[PDB]
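Input: a single structure, listed below in structure tokens.
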Amino acid sequence: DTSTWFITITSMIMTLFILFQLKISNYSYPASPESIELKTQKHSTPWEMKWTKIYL
Amino acid sequence: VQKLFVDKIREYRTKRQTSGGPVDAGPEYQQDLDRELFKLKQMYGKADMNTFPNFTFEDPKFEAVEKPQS
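If you read the protein sequences in the order shown, they are chains 8 and c. What the first sequence shows, in the entry's author numbering, is residues 5 to 60, in sequence order. What the second sequence shows, in the entry's author numbering, is residues 7 to 76, in sequence order.
Below, the structure is given as structure tokens:
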């Protein structure tokens, strides 16, 4: 109850923070998916500008 | 009036017999038509009596420019 002596649990808590940093590290953010559509637009526009400079 | 007519024909033939040209004109008709033609030739043009004209002309130099495309 008023328990005692403490040599227990606290060494078994930091092994747990090797688990939770393994699972939650492999998550996906919805926002990152909206960023890859932006750089694809500017690249072909500059490639068309490279084709416009191939005209001009 | 034929006898008056041949009297005119006589005086035309004595006007045909000339050796000094204008007998009644004198310097009056000589200074007039010499100054009249030179006043008209100044409006006409300075051209000689036998000099045939010949010349050449220069055409424009067809130049070019630069324009970088493709």
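Don't be surprised by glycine CBs; every beta carbon is placed ideally from N, CA and C.
Going by the beta-carbon positions, is the gap between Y18 (chain c) and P28 (chain c) smaller than 7 Å?
no
For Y50 (chain c), three-class secondary structure by DSSP:
helix
Which full runs of the alpha helix (DSSP H) of 4+ residues lie inside the region 8 to 49 of chain c, going along the chain?
8 to 22
Rounded to the nearest angstrom, what separates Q48 (chain c) and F58 (chain c) at their Cα positions?
20 Å
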